[PDB]
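What the coordinates show
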Amino acid sequence: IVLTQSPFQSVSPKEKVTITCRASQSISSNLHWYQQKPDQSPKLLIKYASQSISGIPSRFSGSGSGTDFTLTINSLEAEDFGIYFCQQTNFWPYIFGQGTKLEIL
Amino acid sequence: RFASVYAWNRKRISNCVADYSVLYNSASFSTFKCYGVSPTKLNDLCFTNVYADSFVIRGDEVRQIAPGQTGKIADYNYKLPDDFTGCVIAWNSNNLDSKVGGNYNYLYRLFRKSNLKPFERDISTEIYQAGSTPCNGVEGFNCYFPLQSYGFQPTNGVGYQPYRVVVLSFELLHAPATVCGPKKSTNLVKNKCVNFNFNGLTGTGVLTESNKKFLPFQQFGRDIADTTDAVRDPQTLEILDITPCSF
Amino acid sequence: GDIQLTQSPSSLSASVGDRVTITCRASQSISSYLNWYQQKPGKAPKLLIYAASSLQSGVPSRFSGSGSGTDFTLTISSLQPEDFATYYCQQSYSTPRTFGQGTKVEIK
Amino acid sequence: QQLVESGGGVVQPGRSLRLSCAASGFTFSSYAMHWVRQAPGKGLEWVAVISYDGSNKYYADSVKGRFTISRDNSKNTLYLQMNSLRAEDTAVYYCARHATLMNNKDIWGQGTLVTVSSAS
Amino acid sequence: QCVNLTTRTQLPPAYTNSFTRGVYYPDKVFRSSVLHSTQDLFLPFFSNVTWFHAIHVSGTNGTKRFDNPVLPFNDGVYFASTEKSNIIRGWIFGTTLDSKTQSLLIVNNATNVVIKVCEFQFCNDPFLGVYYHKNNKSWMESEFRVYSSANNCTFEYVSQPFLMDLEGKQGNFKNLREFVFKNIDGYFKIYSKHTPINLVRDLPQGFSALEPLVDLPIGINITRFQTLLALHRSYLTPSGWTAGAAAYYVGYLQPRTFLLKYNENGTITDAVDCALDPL
Amino acid sequence: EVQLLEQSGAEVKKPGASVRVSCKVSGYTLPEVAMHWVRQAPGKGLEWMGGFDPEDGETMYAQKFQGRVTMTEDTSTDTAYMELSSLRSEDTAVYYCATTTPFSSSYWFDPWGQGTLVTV
Amino acid sequence: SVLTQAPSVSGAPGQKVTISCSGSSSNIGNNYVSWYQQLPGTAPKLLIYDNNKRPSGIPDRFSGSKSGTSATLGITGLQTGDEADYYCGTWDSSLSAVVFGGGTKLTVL
Ligand SMILES: *[C@@H]1O[C@H](CO)[C@@H](O[C@@H]2O[C@H](CO)[C@@H](O)[C@H](O)[C@H]2NC(C)=O)[C@H](O)[C@H]1NC(C)=O
């Protein structure tokens, strides 16, 4: 159930920047995504990879096919980016991927 | 195939190996909660008597089958005692159980005349009577058919998707069995003088493979002095000669 | 005594794409125990609505269950040549069960 | 999944004819089962229940002829003997089930003709 | 089922003397080139051994006789038969050989021997009945003839076949098989030895060493046992039972102190019965 | 030695019907020995029918009558059903259960069912 | 059916006379022959099988022979109770089936 989504980010802001959840051969429809800030207890952004929880600006969407999932951060600025971790819930040890340390010009 | 929750099949894990090491490696179970002690610690400990219950329920329905948990599936389908040391294993079975057009093979008891006791199943399908007037096992006003057909679809959400669940209950009893798994046993050391405890017998000697063709079934060896001649490992069928440390 | 049913109209010759309301009133009020059956000559009856509130599985959304208590009714929409059939209502409130006399929806 | 019926035929009035109907796919055992009647051009008229989950038998008093109903649960089969015949009962019968707000189990047999007449 | 053959006369049992018999390893511990003394159930040397013919043929056509009676287990049971053709598929051991008593049943009809410890209601005469399957050119023998039903089965087991006959010997070997059956402290051990024998019937002078295939905790004392015969139906010639002739030797083990001689190989060879002679 | 149990017994079938023939045994078990069938018309001779083939292991069917009559077997209950269909005017005949040896190289009918008469 | 035997034959009691059945190489030639007896409205009884074997309970007086395609059923020591029809049969590979003759009803005079 190992995940290897996206080492980090380096791109001009305001763009539709995708982070690509690289899931293991086993497929799981369910997932989650969380936003981490430096030395800040992170918070889950994308619930079930498709539904929005209350309190998230719609800047980053989660669209994926089968095992693969992409969290396309649409029009992200220099105010929001931090680390963004993926989460897998189907396999017993609910492993977390390396995660993306978003960085931008 | 797994039995329906309303009439779950019961298989006793007695005189059968207890091995959760393979279960940890597989990692294919949606929920694998463990109780009382750490998962490695229960895996090593031998269990004299274990009880296995096999049933199919929705992922949301699995919560009802939990210690001291009150739910439709917990009040009439099956019940778990508030103090439970057993580990509950649940895995998603959407790929096999669910079929196109829905799966209606499994059934669940939505209601019942009285709350079901823990470790009990309802073998009676007689209509429950909420109303004072008696339905008497036939459909009537003020009462409903207790069993409701399950509806399993691949398109349905993971909680809706079918889960095969086996419940393990750990008990202690005098009745013993021949083998065991990890055995809560320290690894054997050979070619060095060591103190070895085997089957309640403690001896201090250097441990080497036995040159003599000692028969595998016996766990101990006999000598004219009455000192143990050979010992056999409790985890594997290996014959070890006993030689006292040089004096 | 028995519970009388009143299925109205007992026939309705209809056309393509209609929205027919076949009513099955009950003399004694039924809280939710009503079902609808679609039958053709030489064919077994097929359940369309169970409890008159939820559509039976394998039944198209166009067939619908409406009404409660004394009055119950069947809503049919997007009528098609295959759809035209004899429809019977159904109590399950008490014993004896009675069924409606049938309503033959047929091509005009 | 499927229901099969005993053979219909022409029987003289006043006689008796046991009706067999066997299930397949899922058992009779956990459910009830019914019989209904369809005369040609006439509506579907309910006849009698069976209730295996206790034991009880209810008959229509409209046609109250002691048409007895019992079951071969281990063969998933059900037996209603046609007793005290009269010619207007000449019709087709069905093995039936009612979705009582909980299930969707309404499964119907193929239909066989009982005929009550002295002329074969 | 429960077919019974009593024929006419059981006949007097034949008698034979075995110079060396019932030699087995009492202690699991391996001993090489050493002399050891142990006291255990053993068949006494130079002692009369009763001979019973399961099927007896007179010097005339047919006249097959069912001469095998129920035999008390006693302190111990020893079975010896040339058995070039295997008709003794299994031996039934029971305290009463009846339902409500744990009965030990062995069947060699399957490729691997199957051992059962269930209560069996044995018929007065119990023998396997063989019917042609008519499929795959095979014959199937049923233990249903031996016992009406099985209930309260404490335990069951699967083992390699105790009786094996390579065949093609055409005599000079006889495919002789020796079996030792003993129950001590609720534990039953089965010992199998295969010895080529030049003599047609008389037991050979050479010592035979028996090793236990497995140890089973039956947990119930056995005071009676009987042999099982696999018999096939006989069709019209110009139901058939007791096809062929079967002869078996039963020796009862008596607890005795036995001197044991261990070879460099470690297999027991020479054996001495302590009370048999002053030497 | 072994006597075949009674087969169909007394069977009456008016035209427009078809009849199974169930021949059981005693003293043997069903699939250790092969069954056979012969048409015998009263005042007439033998016409062989049905039958099992020692070679090839198939259950034979008389070519002339092939496809009209079929056979099934229940080994434990020793019931072998011979179903003849599509009644004809000269079809009615007394049918005798017959059996040959399993060892093969055999043809003789061995024991007999004693004879039962079908009706058309 | 496909074989050759007369409808009836007659002889004086206690005498010796046999009955024959004429087949072909396709039927009697390579195959063994059987013979059957039936009394009126009774169970047809196997008489002789294999041209040399008599079933249990058959008087030894009966014999048989196969000469080419011709098979004779030896009938000796006629009895008052021996009047009945005797049927020849043998295996057929032609239609790959069992065949019989029309039957011959003996009469003891
Ligand atoms: C098991 O059963 C056998 C046979 O009944 C018992 O052997 C008997 O023991 C008594 C007491 O020593 C003797 O008087 C009998 O003569 C013995 N009979 C035979 C056939 O040897 C044996 O003692 C029983 N063992 C147990 C533990 O109950």
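Structure determination for this PDB entry was carried out by cryo-EM, with a resolution of 3.60 Å recorded in the header.

**Some words on the interface of chain F and chain G**
At the interface, 16 residues of chain F touch 22 residues of chain G. For the pair chain F and chain G, the two sides together bury roughly 1,800 Å², of which 71% comes from carbon and sulfur. Summed over the shared surface of chain F and chain G, the number is five residue pairs in polar contact. Those elements giving two or more residues to the side of chain F that touches chain G turn out to be strand 2 (34-40) and strand 3 (46-49) of chain F. Top element by residues in the side of chain F that touches chain G is strand 3 of chain F. It accounts for three residues. Each residue belonging to the side of chain F that touches chain G can be placed in one class, and the counts come to nine nonpolar, four polar and three charged.

**Quick look at the interface of chain D and chain B**
Each side of the interface is counted separately: chain D has 15 residues, and chain B has 15 residues. When the buried surface of chain D facing chain B is broken down by residue, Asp53, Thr100 and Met102 of chain D rank first, second and third, together holding 41% of it. At the boundary of chain D and chain B, one finds zero salt bridges. The tally of links from chain D across to chain B stands at three residue pairs in polar contact. Class assignment of the residues belonging to the side of chain D that touches chain B gives a composition of six nonpolar, seven polar and two charged.

**Examining the pairing of strand 16 (residues 187-195) of chain E**
All names here are of chain E. Inspection of the sheet shows strand 15 (residues 176-184) paired to strand 16 by nine bridges, in the antiparallel sense. Considered in strand 16, the bridge of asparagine 183 is made with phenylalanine 188. Taking the residues between adjacent antiparallel strands as the criterion, strand 15 and strand 16 are bridged by two residues, where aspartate 185 takes a positive phi near 55°. Where strand 16 meets strand 17 (residues 209-216), five bridges bridge the pair, whose relative direction is antiparallel. When the bridges of strand 17 are listed, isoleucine 190 appears paired with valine 214.

**Quick notes on the pattern of salt bridges**
All told, the structure shown has 25 salt bridges over all chains when counted by the stated rule. Residue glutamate 90 of chain F is joined to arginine 88 of chain F by a salt bridge in which the shortest nitrogen-to-oxygen separation is 3.0 Å. Since its relative accessible area comes to 45%, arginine 88 of chain F is described here as partly exposed. Overlapping salt bridges, with partners in common, bring together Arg1, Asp97 and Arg164 of chain B in one network.

Rules used in this analysis
Residues numbered from 1 in each chain as written, not as in the entry; some residues may be left out. Chains lettered and ligands numbered in written order. Part of a larger assembly, values for the part shown. Heavy atoms only, no water. Residues with missing side-chain atoms left out of burial classes, pairs and counts. Contact = heavy atoms within 4.5 Å. Buried area = accessible area lost by both parts, 1.4 Å probe. Polar contact = N/O pair within 3.5 Å; in protein donor to acceptor, adjacent residues only side chain to side chain. Helix = DSSP H or I, 4+ residues; strand = E, 2+ residues; numbered from the N terminus. Nonpolar A, V, L, I, M, F, W, Y, C, P; charged D, E, K, R; others polar. Salt bridge = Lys/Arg side-chain N within 4 Å of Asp/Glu carboxyl O. Pairing = 2+ DSSP bridges. Buried < 20%, exposed > 50% of the residue type's maximum accessible area, 1.4 Å probe, protein only.

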